[PDB]
Each structure stands twice: as C-alpha cells, then as structure tokens.
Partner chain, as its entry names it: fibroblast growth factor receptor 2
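Given as structure tokens, the chain that follows is alone and in the form solved without its partner chain.
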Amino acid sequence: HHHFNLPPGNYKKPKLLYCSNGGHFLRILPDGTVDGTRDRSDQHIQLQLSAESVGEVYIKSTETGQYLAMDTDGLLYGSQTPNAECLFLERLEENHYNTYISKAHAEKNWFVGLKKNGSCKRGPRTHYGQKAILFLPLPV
C-alpha cells in the first residue's frame, strides 16, 4: 500500500538502470550476484523490464535471462526463474527518477539500491529519501 505516481516510458526496449548515487549501472552477474558497475561496455547491465500488472515489473538480464529478485533477508540476487521474489513496484520518485520496491516486502519499504561504492544495499538499509534508490532508465 504505497503511492501510485508512475514513471513515463514503456517496456518495449531493454534499458540500463543508472543509479544516481554513485553513477553505477545495475548489474546481474552470471553467478547470480548483483552489484553495480560504471563500465558502459559491461554485458550484464542490459535489462528488459516487463509489466505483470500496472506498476508491477520483472527486471530481466537480456544476457543471462536471470530475473532480479530480493530474498527473505533483503539481499538482491539473480533468479533463474520468475517467482514472487522477482516482482517490484516501479514508481516515479522526486518527480523524476524510478524506484523499485520489493513487492514481497513492500510493507517494509525494501528497495533496490546501490551504494556509492557500487555494492547493493540490503533491503532494511534502504529508505525513502536516499540517493541509493534513485534510478534513471537509459536506452541501451
């Protein structure tokens, strides 16, 4: 139960999710670990988003087919198959950015977030107001 301000744009094409905090692109590594990188030539930062229901999305690596997911302890990981831990509520933030809240943990406001050093934040450590949760979807 959150606000419903939605970002503009569509899911027709893959995107890079650029984090304002450290300037890192969200990356899903083949081994299933998730982090961020500033290297625009990286082959694991291309993500295809798709809508399950209005405002609910899956975020999938086009290179490996892995789905971004957040586990029971708030850690992001790459999932081989889509499940309830892979759905995120995509919303507009500060009238500009896109934020992604774990649907499975939405009551706790757990977001997808990247620290300035490029490591992911754990769910409980994310909070409205941080730069770590702010993303700009860029064309590939």
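Residue numbers count along the first chain shown, from 1.
The next section is about a form of this same protein that is not shown, the form deposited with its partner chain bound.
Interface membership of residue 91, defined by any non-hydrogen atom within 4.5 Å of its partner chain in the deposited bound form, is confirmed. In the deposited bound form, at least one heavy atom of residue 97 sits within 4.5 Å of its partner chain. Residue 54 is the only one in 51 to 82 with at least one heavy atom within 4.5 Å of its partner chain in the deposited bound form.
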